[PDB]
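What follows is a set of notes on a single structure, which appears directly below.
All of the numbers you see were taken from the coordinates with simple rules; none came from a lab. No Cβ is skipped: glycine too gets one built from the backbone with ideal geometry, and neighbour counts run over all protein chains shown.
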Amino acid sequence: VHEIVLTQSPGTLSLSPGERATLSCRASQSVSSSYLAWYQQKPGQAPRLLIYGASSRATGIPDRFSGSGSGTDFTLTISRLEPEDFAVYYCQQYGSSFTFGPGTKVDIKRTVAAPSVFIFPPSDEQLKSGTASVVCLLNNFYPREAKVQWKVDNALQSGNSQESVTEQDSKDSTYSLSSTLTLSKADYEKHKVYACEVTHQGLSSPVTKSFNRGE
Amino acid sequence: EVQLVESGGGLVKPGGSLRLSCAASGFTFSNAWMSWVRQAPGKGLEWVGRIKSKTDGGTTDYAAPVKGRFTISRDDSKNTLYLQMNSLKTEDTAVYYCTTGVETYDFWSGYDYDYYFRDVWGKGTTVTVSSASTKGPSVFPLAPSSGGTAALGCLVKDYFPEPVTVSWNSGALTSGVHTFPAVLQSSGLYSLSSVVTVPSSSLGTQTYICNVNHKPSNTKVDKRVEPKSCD
């Protein structure tokens, strides 16, 4: 018997309290004896076992959790989500192969909120150090999907930037993203206009924030 | 009172070895199958391996990326589970958990010698594989311009190892603060950002200082951030 690959459709499920959650878990081949399990993980914590053997739940798990499926397709179902049920959910095989699923996040739902876009040039101290970091801040937005594009004298930057995203803010249930473009001081001083263009659902057209070097 | 306690995690150079130990309490350890499951920073769970009970032969199953390098063993006399890691790579940096696992919970016929049984996990132990040296960070200002809401922040760059704590105004400013997860740069060092939004009318009335603490190198910095002087 070979190794089986596991796919967990979809990637993210936007959801509100009181709704009905349906998470899918696909496989490459038949799971032996329907040996598939469902774990829940909240950040900073270890996973919690919810379902074992496709449809059998563990001691203490509330009745709103259930599982089903067989062969090559399995399903986890939550009937009425509580404030504590927002977390990541994994499925794991243990018939012939023992891999985990990619995961599926269940985040709170709210009205679409457009990000606030700010741009920060490198400080003079950092330029003395020999490197330049430009920062593009997208603040208090929802949903999660967002695209940041760096433009240096209208040249699309690629491979010299990194992004960090917060968890859902406990008060407003929004997200914040921080993108850092890193250049050498020499490369930084050879160009003038630095911009980040943001594409998000809550924007009619992509919003560009820019500055001119030394202004 | 079922419990698993991990130990042995730490900082290791690439190519070195490291032995993780997991002590069990509150259940019959000899009759349980034991699994190591790791989780890389910000990534999904990954099953490392599993060893069976003495009754079931005690054979081991290993994941593909760790097959010829990691080795799982058990000591029943002191209820301990061992993960021996050799030829460590950078991608082995993760939090490692020991668990009884779904095989143990399922073949136990739900709950239980003694009385009952429940699925148990450890707190986890953090293994960092990196040839980088300890280094305090440089703190740079992210200065604003404005409209009504103004954003200002601190870039905490080029430190090792983790973590770094960032507060604002000695911890007296929490509203509107967003501290982002650190990023591991290709240089091997970490970078972090901490931003704050605030009404612009208070930029001349109130001062804003970010307090950065990197205890591995005994570094404390208080950086005052304010709009860039046009002069």
Row for the protein assembly as shown, column shape: gyration tensor on C-alpha, a ≥ b ≥ c, rounded if a/c < 1.5 i.e. under 1.5, prolate if a/b over b/c, else oblate; value prolate
Within region B:151-230, list the trypsin sites (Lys or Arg not before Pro) lying in a DSSP loop whose Cβ has at most 10 other Cβ atoms in a 10 Å radius.
none
Can you tell me which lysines have their Cα less than 29 Å from the Cα of A:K105? Leave out same-chain residues fewer than eight positions away.
A:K42, A:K147, A:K171, B:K43, B:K89, B:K123
Between region B:12-36 and region B:117-155, how far is it from one alpha carbon centroid to the other, in angstrom?
28 Å
So if I take the alpha carbon set of chain A, get Rg, then get Rh from the Kirkwood formula, what is the Rg over Rh ratio?
1.11
Between B:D75 and B:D222, what is the label-point separation in nm under the 7 Å Cα-to-beta-carbon projection?
4.9 nm
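With a cap of 15 neighbouring Cβ atoms within 10 Å, and only residues DSSP puts in a loop, list the GluC sites (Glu not before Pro) found in region A:54-161.
For GluC sites (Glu not before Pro) across region A:54-161 that sit outside H, G, I, E and B with at most 15 neighbouring Cβ atoms in 10 Å, the list reads A:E84, A:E145.
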Please give the calculated 222 nm ellipticity per residue for chain A, where each DSSP H segment of at least 4 residues contributes -39500 (n - 2.57) and the sum is spread over every residue; nearest 500 deg cm²/dmol?
-1000 deg cm²/dmol
Tail fraction, Cα-Cα pairs, region A:116-212, threshold 17 Å, whole percent:
51 percent
Alpha-carbon Debye profile of chain B, log10 I(q)/I(0) at 0.15 Å⁻¹:
-0.96
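Determine, for each peptide in A:22-35, A:127-140, the mean count of other beta carbons within 10 angstrom over its residues, then list the peptides with the highest first. Mind showing how you got there, number by number?
On the way: A:22-35: 17.8, A:127-140: 19.4.
Result, highest mean Cβ count within 10 Å first: A:127-140, A:22-35.
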Under the Karplus relation with 6.51, -1.76 and 1.60 and θ = phi - 60°, whole-Hz ³J(HN,Hα) for region B:151-159, x at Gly and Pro, equal 10, 9, x, 10, 9, 9, 10, 6, 10
Starting from the amide H of B:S7, placed 1.01 Å from N in the peptide plane, find each other amide H under 5 Å away whose residue is 5 or more places distant or on another chain.
B:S21
Per-residue HN-Hα couplings for region B:56-73 [Karplus 6.51, -1.76, 1.60; θ = phi - 60°; Hz; x = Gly/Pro]
8, x, x, 6, 10, 10, 10, 6, 4, x, 10, 4, x, 10, 9, 9, 9, 9
